[PDB]
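Top to bottom, those sequences are chains AC, AN, AB, AI, AG, AU and AJ. Using the deposited numbering, you'd call the opening residue of the first sequence number 2 and step up by one each time. Using the deposited numbering, you'd call the opening residue of the second sequence number 2 and step up by one each time. Using the deposited numbering, you'd call the opening residue of the third sequence number 124 and step up by one each time. Using the deposited numbering, you'd call the opening residue of the fourth sequence number 2 and step up by one each time. Using the deposited numbering, you'd call the opening residue of the fifth sequence number 2 and step up by one each time. Using the deposited numbering, you'd call the opening residue of the sixth sequence number 2 and step up by one each time. Using the deposited numbering, you'd call the opening residue of the seventh sequence number 3 and step up by one each time. The C-beta atom is built at its ideal place from N, Cα and C for all residues, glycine as well. Okay, structure first, notes after.
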Amino acid sequence: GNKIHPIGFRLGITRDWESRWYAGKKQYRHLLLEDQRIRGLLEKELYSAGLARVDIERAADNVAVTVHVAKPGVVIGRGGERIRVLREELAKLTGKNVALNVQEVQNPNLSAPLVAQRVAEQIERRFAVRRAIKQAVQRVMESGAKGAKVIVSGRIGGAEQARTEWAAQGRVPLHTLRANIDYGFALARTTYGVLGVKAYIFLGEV
Amino acid sequence: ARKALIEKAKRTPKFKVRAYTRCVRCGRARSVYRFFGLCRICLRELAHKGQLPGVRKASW
Amino acid sequence: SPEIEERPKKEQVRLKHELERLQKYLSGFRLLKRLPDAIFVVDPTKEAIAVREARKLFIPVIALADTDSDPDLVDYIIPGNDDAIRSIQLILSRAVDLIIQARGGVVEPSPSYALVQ
Amino acid sequence: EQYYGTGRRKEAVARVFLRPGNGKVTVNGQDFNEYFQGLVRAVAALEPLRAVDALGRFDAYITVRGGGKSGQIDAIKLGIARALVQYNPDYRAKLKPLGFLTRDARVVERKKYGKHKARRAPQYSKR
Amino acid sequence: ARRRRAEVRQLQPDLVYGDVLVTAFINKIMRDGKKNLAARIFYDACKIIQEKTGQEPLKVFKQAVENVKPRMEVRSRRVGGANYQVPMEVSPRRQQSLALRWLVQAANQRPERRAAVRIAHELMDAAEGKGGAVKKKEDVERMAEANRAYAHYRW
Amino acid sequence: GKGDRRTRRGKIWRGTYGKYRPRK
Amino acid sequence: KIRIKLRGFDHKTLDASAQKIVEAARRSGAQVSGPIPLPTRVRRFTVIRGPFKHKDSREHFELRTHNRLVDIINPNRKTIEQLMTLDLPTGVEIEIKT
RNA sequence: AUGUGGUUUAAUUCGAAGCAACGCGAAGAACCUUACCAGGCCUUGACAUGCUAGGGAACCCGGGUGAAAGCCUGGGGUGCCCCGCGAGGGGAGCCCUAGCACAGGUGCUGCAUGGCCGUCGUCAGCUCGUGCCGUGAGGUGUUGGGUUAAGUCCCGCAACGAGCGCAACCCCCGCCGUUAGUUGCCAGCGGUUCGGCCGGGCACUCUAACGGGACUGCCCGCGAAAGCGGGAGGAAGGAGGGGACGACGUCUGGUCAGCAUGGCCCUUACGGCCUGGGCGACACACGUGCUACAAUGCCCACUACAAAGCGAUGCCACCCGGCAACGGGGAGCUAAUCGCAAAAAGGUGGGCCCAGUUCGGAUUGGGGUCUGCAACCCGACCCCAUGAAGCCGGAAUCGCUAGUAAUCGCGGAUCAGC
RNA sequence: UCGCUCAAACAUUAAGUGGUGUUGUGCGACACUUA
Ligand SMILES: [Mg+2]
Ligand SMILES: [Mg+2]
Ligand SMILES: [Mg+2]
Ligand SMILES: [Mg+2]
Ligand SMILES: [Mg+2]
Ligand SMILES: [Mg+2]
Ligand SMILES: [Mg+2]
Ligand SMILES: [Mg+2]
Ligand SMILES: [Mg+2]
Ligand SMILES: [Mg+2]
Ligand SMILES: [Mg+2]
Ligand SMILES: [Mg+2]
Ligand SMILES: [Mg+2]
Ligand SMILES: [Mg+2]
Ligand SMILES: [Mg+2]
Ligand SMILES: [Mg+2]
Ligand SMILES: [Mg+2]
Ligand SMILES: [Mg+2]
Ligand SMILES: [Mg+2]
Ligand SMILES: [Mg+2]
Ligand SMILES: [Mg+2]
Ligand SMILES: [Mg+2]
Ligand SMILES: [Mg+2]
Ligand SMILES: [Mg+2]
Ligand SMILES: [Mg+2]
Ligand SMILES: [Mg+2]
Ligand SMILES: [Mg+2]
Ligand SMILES: [Mg+2]
Ligand SMILES: [Mg+2]
Ligand SMILES: [Mg+2]
Ligand SMILES: [Mg+2]
Ligand SMILES: [Mg+2]
Ligand SMILES: [Mg+2]
Ligand SMILES: [Mg+2]
Ligand SMILES: [Mg+2]
Ligand SMILES: [Mg+2]
Ligand SMILES: [Mg+2]
Ligand SMILES: [Mg+2]
Ligand SMILES: [Mg+2]
Ligand SMILES: [Mg+2]
Ligand SMILES: [Mg+2]
Ligand SMILES: [Mg+2]
Ligand SMILES: [Mg+2]
Ligand SMILES: [Mg+2]
Ligand SMILES: [Mg+2]
Ligand SMILES: [Mg+2]
Ligand SMILES: [Mg+2]
Ligand SMILES: [Mg+2]
Ligand SMILES: [Mg+2]
Ligand SMILES: [Mg+2]
Ligand SMILES: [Mg+2]
Ligand SMILES: [Mg+2]
Ligand SMILES: [Mg+2]
Ligand SMILES: [Mg+2]
Ligand SMILES: [Mg+2]
Ligand SMILES: [Mg+2]
Ligand SMILES: [Mg+2]
Ligand SMILES: [Mg+2]
Ligand SMILES: [Mg+2]
Ligand SMILES: [Mg+2]
Ligand SMILES: [Mg+2]
Ligand SMILES: [Zn+2]
């Protein structure tokens, strides 16, 4: 099929830029370039607590690196040491005024990227690939959502021929704009290859 | 020669007519926009993600 | 309810069309939200589709039945005409009479004689 | 006193300042028969005036900009209409059935991708 | 299309005489969408009309298109697996279409240098009863009466 | 001729000016 | 006398910050010409979808770079402090000159 | 002109293979890009982490041989922390040489894969829940009658609802106003250099932003319902035109050369560097295109009307040289107000006179300009000359239903230039 | 300008086979199939 990326589809209306800020035609590249390496370093030494929406804001030497996480208890350590040394390594290679505004997540089950990375990991840890998707979608709908959808793809378990396991419930009108459906991609390293993950959570309306 | 070339692209030892464009993200050799400094591929990838500020889906 | 302010003309008439058809068939069934202790019918043959349901659900079967019928598959039979408003009226009246007579306050039968002609 | 109306077609706008008088018609300077030369659509733009039965009795002054040469003419055609109908409610009861009050939605469409001209696709082949 | 008949394109009446048939002729003349060019080219011949004969270009145009209006034509049709050249009446519109069309072509056939003089002389021979376009009309009508045998399938 | 290397539209199509084409 | 430029991307954020300045300058000083929208310079970028060969079905984006202009006349000392303190920009790179 | 098959070559890199490969990956092959060859060189490496050992400030200039890479070498120099006024020692940053773990691979496998894309096709479809029928595969619903762009809606119906699709919410052009006034107005008045140039103004044009509006709403006729046809008002009627949006899936489709990636294979070379050559080869064939084979026209002088876009190491108005490309002097520009810019076709006037032609510019000789270390291979562009094939084309075959086709100019991306 | 045989190249096919269709050599005046 096709199915253009739902996020790029709601880009204008529903959800706004995962990275919001202005730039002149002079250095847009260099700005977004460093803006990129930032979020990459975060995805690395921060995935522990399970980060998702790495929001960013810039204008002039100011950069609000708001990082949404399932449990900030790990991103801060104790009193203020983990978070502090994080701002350290941040501006350590950069030059802008780093300002890590951490924020919790009301419910990881209703946060698609988390839901994905979650189950995607279960597969890496060798688990029931079929029912893992079943519980995941059951977790989200029973949680409080109004629509759910999860899809893995690749060598399920380790079979030669490829395969794709479809599973979902509720509604997921991907063709509609006023839906506010969070997208949740995720990798999955296996001793036998790669493995794709998808996750759709319908929530908002009007 | 993929790794040694992305490094040589940033070298510019001799004359300027060797400092050819080179995508930053996936380090593509062609289709590199100068404005973004990216290849057409990774460009679209990010655009769907929303990591490209002001870059909205064109419709007219 | 004061909630009619929203809902465009589209959903209005459609939702009204809902109520219309909803009452068009359900009017007379919604009054009870449990499985009837029994069933009464005008012609076991025609509506035997329901008779089966009740039958398979062990629900006792009573119904007025003309010669064009299947006696054995009815628990408590009501032999006699059925394709005539005259015969149907006399039975339904006297039947429901036993309902209110075992209930309380025996009233006068509903205005049926006028509708008959 | 004056009769005003707005003209527009293919992004070719045209203000219409009309003042009852002779027949002298100025549009962005120059004369009407002067600016439009060798074009039959010219006398057609004055069609609203022939419908009202007052050709030589009105001094026109129009500010038409943008668009093409002819798109302006169609802008003038609808502009004069709104002008004379502005001070005449009864002249709408005979200018409308004759078809005059319409922006003419007919406009060039976007050249689609993959195609060549919004519709004309490159020569299909299989050889 | 398979559904609707698709209605004709009601064209704009003449801007000099007041007749749809005349404007339609301009369109057939119109090369590369130059109406104003073809319009003049048509009115050029109208003046060549009054030059030769003291006759109005209006009726000289009607008489020409009328004498080149094909009354009947042969159409191909399948039957079990065979093509018959069945003759039959044409539609009023199609007659006007072909007539106007052939005339334009007949002008192109002429050795005349200027386009206006080609349409001029051709409009004469057409209104008369013998011209390049008219002879192409007489020709098509022959095919009709010739295959009059297969006219049994009027359909 | 949109291909004549020495004409009005000859340079207009090639996006140039030159002699035969007016230039400042 | 003074002229302010309000370049930026999102017109929703540009409208909030442009309207904010108009209230703060007029409600505490001389006259001020309201928000003057300019021709939005847009960067339309077209490109192909698939990685390999697919000279069709291609996708394209556009960079909406808005423009808004606001002129304050009399150099009020209240308006200078008002705009210096009561401001809530973000992705709106403003530039002001006399 | 360009891609392709084929052939040729030391190499003429590889991929896509009916539709759905062939102006396609390429939105920029002169060395670069570059993955192929020849030759000259390096080989713990151009790049990531880390370890044992000698010496050393991190840093900068030149010389011999050479095509360059590189190979041999000489010179100027001596910061910071811990102990002392000095010597001397260790560490971090960084390097050479030797050695270990290891790097790197455009080398296979797209039937090992993720991701992304084409496709049937925006076609009208595909399913789930329970109930009911069948021993069961499965059926029913979704069938039927009317209608519709549509599984759209209506009526009927052992079925009753729902979900993924269709529609709708998203933007442009369509009518007008609201908000703002350095876009525009002899419109209304004063100077007139008779140029909206100055004063002034925003109603009107515009520049963008918000909102209303069209809903089978009205009437007539058919109809049970849904709905169709005709007429008015209206900027616009039955989705108004266009775009974004392309389901369960199929094509064991495509892509390991975008990238990530399981496994296999190379590891003084399947890795690295340079120079030159080669994707540009030519007895041939096919696809997609430009321009013509002309008098609705060719050469030329004057005049007028666009939309959108781009412009600091870039767009170039004014003046001079020459036939000109082009060069030089030099003003303005973080860009509705400076430049690219004359839009072309078209309107008036002139030669032309049916001729391989004032049509047609392909080919080839000589002389110039631009960019770049470098235009033989292999760039573009002037000027003078040579003025070829070529009379609207066989069998076959493509596009397109209206502001469409056809036809005529303009802009950008890419980009040293092309 | 026509009638005819034969050997290429191209077109119809999804592809092959065959055939069919045009231009090239010398003279006389669609059907079938597809490990
Ligand atoms: Mg679990
Ligand atoms: Mg990367
Ligand atoms: Mg009763
Ligand atoms: Mg009309
Ligand atoms: Mg067009
Ligand atoms: Mg338009
Ligand atoms: Mg358009
Ligand atoms: Mg031509
Ligand atoms: Mg140009
Ligand atoms: Mg000069
Ligand atoms: Mg090949
Ligand atoms: Mg390969
Ligand atoms: Mg294949
Ligand atoms: Mg070798
Ligand atoms: Mg290291
Ligand atoms: Mg030393
Ligand atoms: Mg030292
Ligand atoms: Mg040396
Ligand atoms: Mg020394
Ligand atoms: Mg040391
Ligand atoms: Mg290895
Ligand atoms: Mg595949
Ligand atoms: Mg795949
Ligand atoms: Mg393949
Ligand atoms: Mg059973
Ligand atoms: Mg049995
Ligand atoms: Mg079933
Ligand atoms: Mg079925
Ligand atoms: Mg206002
Ligand atoms: Mg106004
Ligand atoms: Mg109604
Ligand atoms: Mg009503
Ligand atoms: Mg009536
Ligand atoms: Mg109705
Ligand atoms: Mg009705
Ligand atoms: Mg009407
Ligand atoms: Mg009305
Ligand atoms: Mg309708
Ligand atoms: Mg849709
Ligand atoms: Mg691999
Ligand atoms: Mg790996
Ligand atoms: Mg070896
Ligand atoms: Mg102009
Ligand atoms: Mg625009
Ligand atoms: Mg440019
Ligand atoms: Mg200059
Ligand atoms: Mg400026
Ligand atoms: Mg200009
Ligand atoms: Mg002319
Ligand atoms: Mg000649
Ligand atoms: Mg010549
Ligand atoms: Mg050369
Ligand atoms: Mg013809
Ligand atoms: Mg033939
Ligand atoms: Mg450039
Ligand atoms: Mg033959
Ligand atoms: Mg031979
Ligand atoms: Mg012989
Ligand atoms: Mg003979
Ligand atoms: Mg046969
Ligand atoms: Mg056989
Ligand atoms: Zn890239």
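Report task. For AG:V66, name the three-state secondary structure that DSSP assigns. Result -> On the fifth sequence, residue 66 of chain AG is found 65 positions in, with the first residue counted as 1. Note: AG:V66 maps to helix in three-state DSSP.
Requested in this report: Just mark AJ:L40 as buried or exposed, buried being the case when its beta carbon has 16 or more other beta carbons within 10 Å.
Outcome: Within the seventh sequence, the letter at position 38 stands for residue 40 of chain AJ. By the 16-neighbour rule on beta-carbons within 10 angstroms, AJ:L40 is exposed.
Query raised in the report: When DSSP labels each residue in this structure, what does AG:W156 get in the three-state scheme?
Result: Translated into the one-based positions of the fifth sequence, residue 156 of chain AG becomes position 155. The answer is coil: DSSP assigns AG:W156 none of H, G, I, E or B.
Query raised in the report: Residues in its own chain within less than 6 angstroms of AG:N84 by CB, not counting five upstream and five downstream?
Result: Locating residue 84 of chain AG in the fifth sequence gives position 83, counting from the first residue. Correct list, in chain order: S77.
**Report entry** Residues, ordered as in the chain, of the region 155–171 of chain AC that lie near chain AJ by beta-carbon distance below 9 angstroms
**Finding:** Near chain AJ, meaning a CB-to-CB distance below 9 angstroms, no residue of the region 155–171 of chain AC qualifies.
Query raised in the report: Just how far apart, CA to CA, sit AG:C47 and AI:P49?
Result: The residue you call residue 47 of chain AG lines up with position 46 of the fifth sequence. The residue you call residue 49 of chain AI lines up with position 48 of the fourth sequence. Near 27 angstroms, if we compare the C-alpha coordinates of AI:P49 and AG:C47.
Query raised in the report: Between which two residues does the beta strand (DSSP E) harbouring AG:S77 extend?
Result: Taking the first residue of the fifth sequence as position 1, residue 77 of chain AG is located at position 76. Where AG:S77 is concerned, the enclosing beta strand (DSSP E) stretches over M73 to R79.
Query raised in the report: Would a C-beta distance cut-off of 8 angstroms place AC:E19 and AJ:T92 closer than the cut-off?
Result: As a position in the first sequence, residue 19 of chain AC is number 18, starting the count at 1. As a position in the seventh sequence, residue 92 of chain AJ is number 90, starting the count at 1. No; because the gap between Cβ atoms is not below 8 angstroms, this pair is not in contact.
**Report entry** Distance cut-off 7 angstroms: AC:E122 Cβ against heavy atoms of ligand 7
**Finding:** Stepping through the first sequence from its first residue, residue 122 of chain AC is reached at position 121. No, since every heavy atom of ligand 7 falls outside the 7 angstroms radius drawn around the Cβ of AC:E122.
Report task. Can you give me the Cβ contacts of AC:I14 inside the same chain, cut-off strictly under 8 angstroms, excluding the 5 residues immediately before and after it? Result -> Here residue 14 of chain AC refers to the residue found at position 13 of the first sequence. The answer, listed in chain order, is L178 and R179.
Requested in this report: Taking only the alpha-carbon atoms, compute the straight-line gap between AG:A107 and AU:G19 and give it to the nearest angstrom.
Outcome: What you label residue 107 of chain AG is simply residue 106 of the fifth sequence in a count that begins at 1. What you label residue 19 of chain AU is simply residue 18 of the sixth sequence in a count that begins at 1. When rounded, the distance between both Cα atoms is 44 angstroms.
Query raised in the report: Comparing the C-beta of AJ:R60 with each C-beta of chain AI, is any distance below 8 angstroms?
Result: Here residue 60 of chain AJ corresponds to residue number 58 of the seventh sequence, with the count starting at 1. Judged by the 8 angstroms Cβ criterion, AJ:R60 is in contact with chain AI.
Query - Under 9 angstroms from the C-beta of AG:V17: neighbouring residues of chain AI - result: The residue labelled residue 17 of chain AG in the question sits at position 16 within the fifth sequence. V41 and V44, listed in chain order.
Query raised in the report: In this structure, does DSSP put AC:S154 in helix, strand or coil?
Result: Translated into positions along the first sequence, residue 154 of chain AC becomes position 153. Reduced to three states, the DSSP call for AC:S154 is strand.
Query raised in the report: AG:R41 CB to nearest chain AI CB: under 8 angstroms?
Result: Here residue 41 of chain AG refers to the residue found at position 40 of the fifth sequence. Residue-level contact check: AG:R41 touches chain AI, since one or more beta carbons of chain AI fall below 8 angstroms from its beta carbon.
**Report entry** Ordered list of beta strand (DSSP E) runs contained in the region 17–74 of chain AJ, each at least 3 residues
**Finding:** When DSSP assignments are scanned along the region 17–74 of chain AJ, the uninterrupted stretches of beta strand (DSSP E) that are 3 or more residues long and fall wholly within it turn out to be 34–39, 43–49, 61–67 and 70–74.
Query raised in the report: Roughly how many angstroms separate the alpha carbons of AC:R85 and AN:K15, rounded to a whole number?
Result: Taking the first sequence and counting its residues from 1, one reaches residue 85 of chain AC at position 84. Taking the second sequence and counting its residues from 1, one reaches residue 15 of chain AN at position 14. C-alpha of AC:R85 to C-alpha of AN:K15: approximately 44 angstroms in a straight line.
Query - chain AJ contacts made by the region 40–65 of chain AC, where a contact means CB separation under 7 angstroms - result: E58 and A60
Requested in this report: Please classify AG:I27: is it buried, with 16 or more other beta-carbons within 10 angstroms of its beta-carbon, or exposed?
Outcome: If you number the fifth sequence from 1, residue 27 of chain AG lands on position 26. Under this definition AG:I27 is a buried residue.
Report task. Out of AC:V76, AC:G158 and AC:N63, state which residue places its alpha-carbon closest to the alpha-carbon of AC:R127. Result -> The count along the first sequence starts at 1 and reaches residue 127 of chain AC at position 126. Selected option, being the one with the closest Cα: AC:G158.
Requested in this report: Decide if AI:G8 is buried, meaning its Cβ has at least 16 other Cβ atoms within 10 Å, or exposed.
Outcome: Counting from one through the fourth sequence, the residue named residue 8 of chain AI turns up at place 7. Buried, since its Cβ has 16 or more Cβ neighbours within 10 Å.
Query raised in the report: AC:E35 touches chain AN at which residues, Cβ-Cβ below 7 angstroms?
Result: The count along the first sequence starts at 1 and reaches residue 35 of chain AC at position 34. Those do not exist, as AC:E35 stays about 10 angstroms from chain AN at its closest Cβ, beyond 7 angstroms.
Query raised in the report: Any beta-carbon of chain AN closer than 8 angstroms to the one on AC:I182?
Result: Position 181 of the first sequence, counting from 1, holds the residue named residue 182 of chain AC. By this cut-off, AC:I182 is not an interface position.
Query raised in the report: Using the beta-carbon of each residue, which ones in chain AJ are nearer than 7 angstroms to AC:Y23?
Result: Your numbering for residue 23 of chain AC matches position 22 in the first sequence. In chain order: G10, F11, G93, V94 and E95.
Query - heavy atom of ligand 2 below 7 angstroms from AN:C40 C-beta - result: Your numbering for residue 40 of chain AN matches position 39 in the second sequence. Incorrect: AN:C40 has no Cβ contact closer than 7 angstroms to ligand 2.
Report task. Check whether the Cβ atoms of AG:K131 and AG:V69 sit closer than 8 angstroms, and answer yes or no. Result -> In the fifth sequence, counting from the first residue as 1, residue 131 of chain AG sits at position 130. In the fifth sequence, counting from the first residue as 1, residue 69 of chain AG sits at position 68. Not closer than 8 angstroms, so no.
Query raised in the report: Which bits of chain AN does AJ:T67 rub up against, with CB to CB less than 8 angstroms?
Result: For the purposes of this step, residue 67 of chain AJ is taken as the residue at position 65 of the seventh sequence. Within 8 angstroms Cβ-Cβ: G55.
Query raised in the report: Less than 7 angstroms between the CB of AI:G100 and some heavy atom of ligand 4, yes or no?
Result: As a first step, residue 100 of chain AI must be located in the fourth sequence, where it is residue number 99. Distances taken from the Cβ of AI:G100 to the heavy atoms of ligand 4 include one shorter than 7 angstroms.
Query raised in the report: By a C-beta neighbour count over all protein chains shown, 10 Å radius and 16 as the cutoff for buried, is AI:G57 buried or exposed?
Result: Your numbering for residue 57 of chain AI matches position 56 in the fourth sequence. The residue in question, AI:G57, is exposed, as its Cβ has fewer than 16 Cβ neighbours within 10 Å.
Report task. Have a look at AU:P23 and AU:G11 and give me their C-alpha separation to the nearest angstrom. Result -> Taking the first residue of the sixth sequence as 1, we reach residue 23 of chain AU at position 22. Taking the first residue of the sixth sequence as 1, we reach residue 11 of chain AU at position 10. Near 12 angstroms, if we compare the C-alpha coordinates of AU:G11 and AU:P23.
Query raised in the report: Under 8 angstroms Cβ-Cβ, which residues of chain AC neighbour residue 1 of chain AN?
Result: What the structure shows of chain AN is the stretch from 2 to 61, and residue 1 of chain AN is not part of that stretch, so it cannot be assessed.
Query raised in the report: Assuming AI:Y4 contacts AI:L19 under a Cβ cut-off of 8 angstroms, what Cβ separation, rounded to an integer in Å, is found between them?
Result: Along the fourth sequence, one-based indexing puts residue 4 of chain AI at 3. Along the fourth sequence, one-based indexing puts residue 19 of chain AI at 18. Rounded, the Cβ-Cβ distance is 4 angstroms, consistent with contact.
**Report entry** Bridge partners - AG:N84, DSSP secondary structure assignment
**Finding:** Here residue 84 of chain AG corresponds to residue number 83 of the fifth sequence, with the count starting at 1. According to DSSP, AG:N84 bridges with AG:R79.
Query raised in the report: Taking one C-beta from the region 60–75 of chain AI and one from the region 26–40 of chain AI each time, how about it: are there three or more such pairs within less than 8 angstroms?
Result: yes
Query raised in the report: Are the beta-carbon atoms belonging to AC:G155 and AC:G197 less than 8 angstroms from one another?
Result: The count along the first sequence starts at 1 and reaches residue 155 of chain AC at position 154. The count along the first sequence starts at 1 and reaches residue 197 of chain AC at position 196. Cβ distance < 8 angstroms, so AC:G155 and AC:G197 count as in contact.
Requested in this report: Return yes when at least one heavy atom of ligand 2 lies under 7 angstroms from the C-beta of AN:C27, else no.
Outcome: Counting from one through the second sequence, the residue named residue 27 of chain AN turns up at place 26. Yes, ligand 2 has a heavy atom inside 7 angstroms of this Cβ.
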